[PDB]
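Chemist: Using only what follows, build the 3D model:
(chains A and B, ligands or ions: 3)
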Amino acid sequence: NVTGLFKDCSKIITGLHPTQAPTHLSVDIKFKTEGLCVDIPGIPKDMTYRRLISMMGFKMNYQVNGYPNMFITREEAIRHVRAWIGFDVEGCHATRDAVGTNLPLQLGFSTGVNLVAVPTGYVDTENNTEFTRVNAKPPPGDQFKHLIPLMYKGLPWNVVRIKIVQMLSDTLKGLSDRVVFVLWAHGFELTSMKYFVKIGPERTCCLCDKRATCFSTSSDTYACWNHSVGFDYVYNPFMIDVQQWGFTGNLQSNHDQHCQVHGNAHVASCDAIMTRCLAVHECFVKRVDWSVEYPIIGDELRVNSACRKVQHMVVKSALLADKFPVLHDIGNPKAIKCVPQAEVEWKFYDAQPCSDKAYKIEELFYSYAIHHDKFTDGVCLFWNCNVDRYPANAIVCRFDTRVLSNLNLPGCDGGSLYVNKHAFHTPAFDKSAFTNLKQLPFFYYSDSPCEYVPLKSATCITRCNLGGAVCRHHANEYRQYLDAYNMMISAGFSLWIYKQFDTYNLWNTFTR
Amino acid sequence: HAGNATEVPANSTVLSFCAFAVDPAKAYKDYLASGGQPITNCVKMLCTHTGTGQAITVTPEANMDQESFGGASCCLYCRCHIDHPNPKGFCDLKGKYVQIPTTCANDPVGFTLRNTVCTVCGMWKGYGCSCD
Ligand SMILES: [Zn+2]
Ligand SMILES: [Zn+2]
Ligand SMILES: [Zn+2]
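Modeler: Numbers count the residues shown, from 1 in each chain, chains lettered A, B, ... in the order given. Ligands and ions are numbered 1, 2, ... in the order given. I have put the structure below:
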């Protein structure tokens, strides 16, 4: 039929002289005959005019050979969290000189940021199209009266777009090489992007080699997130419309079903935050996908080897110390033993029992409410398997969500998405889950064979420590373990263990 | 909602792409090479077809060989409601009529991007120039 894109919102009651008209449909009926237009010199062209043009109605379906597609699949959105940034814009209505289109007023991001803009819009004139201030008003309702003060204050689009580039740059420069705007109803937000997004074939950053994420109109050049300073436009963005996945009611509804922290003020950024929150829940709270792998953005390899070295020492030692008959490995989707050479019966449990070797894992979602009396025999292992209250007979490792890093991103409730290798949604650290446990003190244990300045320590439990044996081999191994242990402590991980754990059970293997 | 509309869902995609592009000219050309259909809904003139061959004229001046169009509608930058590359920035085709070879009048907008006007005779180089 006819589109809404570029709707002339002007209160003018005539047409646009065949010469000043941009389209056939915009020409005044006074020059239209038998399907064509005709130059009637007695009806002269307009010397001057100003017609507000609606920029609502963009459709970005293009499939052009060298150009990236702005909208992405749910798969890519997940593949590239980090890059996710929530985006919601509150507008205002065109009103005196024109009417029938919305202008950006408050731009909200899933950072805490709210940028207020001068209501500007696109005006077609007799010579060119001008980008200028447009008369506007906040939407009619009562819940929109908070936008009345914002019709004053605010600032120039000159600025607002630089601020956006800067804001995104700071947020994303150590996380991704792109940006993915996370949208609820993409219409108006895509319109707002016209005001600060340019697109084209992929490019790379001046100086750097990374992907260009920004563009300077000032001097036709491109930038990554680390060099984009003074750059005014976002260059190739990506975006995802969350509601299009398949949702019931409004944003407020679906979000609050899965979250009690992000309170909704009527302000733009809250809707942005909530939008992201919801998307995270539908991809990361809906349990872990181990086939999706994420790249190293920094110092992950050192944390992971520390985590395993410690995991091994602690579980190895507790099994020798208290001679448990059974080890209940809760939270292991694979069939991998952290102490593969132990005599104990090793049972595996998980909510996502990997299909490839499904037979070795009992499907289970642990709840204290349910299983508090079920795993009585032996010891339970919860190494980054975050539950409700933990059972007294347990060895536990839990990530403190409050620790900031490039790996720890915001998530549901009060928790977070720890994205090391693979993405792990971790529920907020709750002190009372460890009621039944003891915080695990530092120790080192080795029953291995033995071999500028040496050190003595009481925490080194080794056959060569009964008074002077800095045993060069196990001096090193101790000092390395010590570093690994401290790595993971300061990396945010917390260790707890059954109260009966006693290092004399370990010393006793040597006092004999 | 008010307003008196402007465009046809045909141009809706083509235009969104060039509006957002860094280089609209390049974008449009690439778009067409990628199989997209050229911008339509232009201002085509009912004309005697007896006028001077000149490209940019005050009133319609088509030949039997040409068609006459309402200049602004043949200008990519006017159709996208974006900035013009004229450093001063006033469109050279708005408020005038544009003469386009019937053989090339399939794509008015592209035709004006792709071609150039002779400063001496006022006719398109290659499409009606008597110099050289
Ligand atoms: Zn939330
Ligand atoms: Zn133009
Ligand atoms: Zn000539």
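Chemist: In chain A, spot the helix with the most residues.
Modeler: helix A:301-321 (DSSP state H).
Chemist: Return the set of buried residues in that one.
Modeler: A:303-304, A:306-307, A:309-311, A:313-321 (16 or more other Cβ atoms under 10 Å in any protein chain shown). (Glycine included, C-beta is placed from N, CA and C.)
Chemist: Same question for stretch A:320-334.
Modeler: Residues of stretch A:320-334 classed as buried by neighbour count (16+ other Cβ under 10 Å): A:320-321, A:324, A:327-333.
Chemist: what's the answer for stretch A:262-273, then?
Modeler: Buried residues in stretch A:262-273 (16+ other Cβ under 10 Å): A:262, A:267-273.
Chemist: for chain B, what spans make up the helices?
Modeler: B:11-20, B:24-33, B:76-80, B:108-114.
Chemist: ditto for chain A
Modeler: A:74-79, A:157-172, A:186-193, A:251-256, A:268-280, A:301-321, A:368-371, A:472-490, A:504-507.
Chemist: Just the buried residues of stretch A:320-334: which are in strands?
Modeler: Within the buried residues of stretch A:320-334, residues falling in strands by DSSP state E are A:327-330.
Chemist: of all these, which two lie farthest apart?
Modeler: Pairwise distances across these (Cβ to Cβ) peak at 9.9 Å, for the pair A:327 and A:330.
Chemist: on that earlier part again, is it possible to get CSV of the helices of chain B that adds distance to residue A:475 and mean neighbour count?
Modeler: CSV is the format used below for these (distance: least, Cβ to Cβ, whole Å; neighbours: other Cβ atoms under 10 Å in any protein chain shown):
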stretch, distance to residue A:475, mean neighbour count
helix B:11-20, 64, 23
helix B:24-33, 67, 19
helix B:76-80, 73, 24
helix B:108-114, 76, 20
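Chemist: among these, which is nearest ligand 1?
Modeler: Closest approach to ligand 1 among the helices of chain B is made by helix B:11-20 (31.1 Å; Cβ to the ion).
Chemist: Give me the packing partners of the closest one, helices and strands only.
Modeler: helix B:24-33, helix B:76-80 (3 or more Cβ pairs under 8 Å, 6 or more residues apart in numbering or on different chains; DSSP states H and E).
Chemist: how about JSON lines for those helices, with distance to residue A:85 added?
Modeler: JSON lines is the format used below for the helices and strands packed on helix B:11-20 (distance: least, Cβ to Cβ, whole Å):
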{"stretch": "helix B:24-33", "distance to residue A:85": "26"}
{"stretch": "helix B:76-80", "distance to residue A:85": "27"}
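Chemist: Specify the stretch among the helices of chain A that is closest to chain B.
Modeler: helix A:186-193 (7.8 Å; Cβ to the nearest Cβ).
Chemist: And the closest one, what does it pack against?
Modeler: Going by 3+ Cβ pairs under 8 Å, 6+ apart, helix A:186-193 lies up against strand A:84-94, strand A:102-109, strand A:180-183, strand A:238-241.
Chemist: So for residue 30, what's the nearest residue that isn't a sequence neighbour?
Modeler: Let's take chain A. residue A:43 (5.6 Å; Cβ to Cβ, 6 or more residues apart in numbering or on different chains).
Chemist: that's the wrong chain, I wanted chain B
Modeler: That would be residue A:64: by Cβ to Cβ, 6+ apart, it lies 5.3 Å from residue B:30.
Chemist: go on, residue A:145?
Modeler: Nearest non-adjacent residue to residue A:145 (Cβ to Cβ, 6+ apart): residue A:138, at 7.2 Å.
Chemist: my read: the one you found touches residue A:144, true?
Modeler: Yes - here residue A:138 reaches residue A:144: they are 5.0 Å apart, a contact under Cβ atoms under 8 Å.
Chemist: So these two - more neighbours on which side?
Modeler: residue A:138 (19 against 15; other Cβ atoms under 10 Å in any protein chain shown).
Chemist: How many neighbouring residues does the residue of chain A found nearest ligand 3 have?
Modeler: Across chain A, the shortest distance to ligand 3 (Cβ to the ion) belongs to residue A:19, at 23.9 Å. By other Cβ under 10 Å, 28 other residues sit near residue A:19.
Chemist: Give me the phi and psi angles of it.
Modeler: phi -80, psi -30 (degrees, to the nearest 10).
Chemist: How about the contacts made by the closest residue in space to residue B:51 that isn't next to it in sequence?
Modeler: Take residue B:51 and drop its neighbours on the chain: the residue closest to it by Cβ to Cβ, 6+ apart is residue B:61, 2.9 Å away. Neighbour list for residue B:61: B:51-54, B:68, B:97, B:99 [criterion: Cβ atoms under 8 Å, 6 or more residues apart in numbering or on different chains].
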